[PDB]
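Contents: one structure, followed by commentary.
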Amino acid sequence: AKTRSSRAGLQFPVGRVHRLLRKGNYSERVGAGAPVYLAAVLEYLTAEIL
DNA sequence: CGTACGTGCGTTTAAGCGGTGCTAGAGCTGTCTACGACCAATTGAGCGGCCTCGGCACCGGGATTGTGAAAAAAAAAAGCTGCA
Ligand SMILES: [Ca+2]
């Protein structure tokens, strides 16, 4: 087993983000690509501030 | 005190109206399946707890920056003399 973060080449937790989406009342369903996309965006922004 | 705006003329222009004519593309129905919820077993990433140790908070003291008053350099602006 290796994390979805490592598959996507990311530091931010794709698995955590996907759960937050499922548990945050945004939609009924969540695509696999979504949390990957999002995590990456939050990491980019984070990197740009740091 | 100067002229940029508001006013009220005429002159020009194209917005709006009503109508026709085409067709892109919105928007629908039905069929199919790939893609996500769901579950359960698995099990590592991430948590709380805790201990070091080096960066930052603080201090004192000297170096530098910056303000401001009053005293020079200079510029300037009037009164005085002669003046072709
Ligand atoms: Ca910790």
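Throughout, chain A uses Swiss-Prot numbering, with the displayed residues spanning 15-64 in order.
Backbone N, Cα and C define each Cβ position, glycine as well.
Under the heading ubiquitin cross-link, Swiss-Prot lists A:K16. Positions annotated as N6-crotonyllysine by Swiss-Prot: A:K37. The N6-(beta-hydroxybutyryl)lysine feature in Swiss-Prot is assigned to A:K37. The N6-(2-hydroxyisobutyryl)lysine feature in Swiss-Prot is assigned to A:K37; the stated evidence is experimental evidence.
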Other C-beta atoms that fall within 10 angstroms of the C-beta of the residue listed as 'ubiquitin cross-link': 6
Cα-to-Cα gap, A:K37 (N6-crotonyllysine) vs the residue listed as 'ubiquitin cross-link', nearest whole Å: 23
Cβ packing number for A:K37 (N6-crotonyllysine), 10 Å threshold: 8
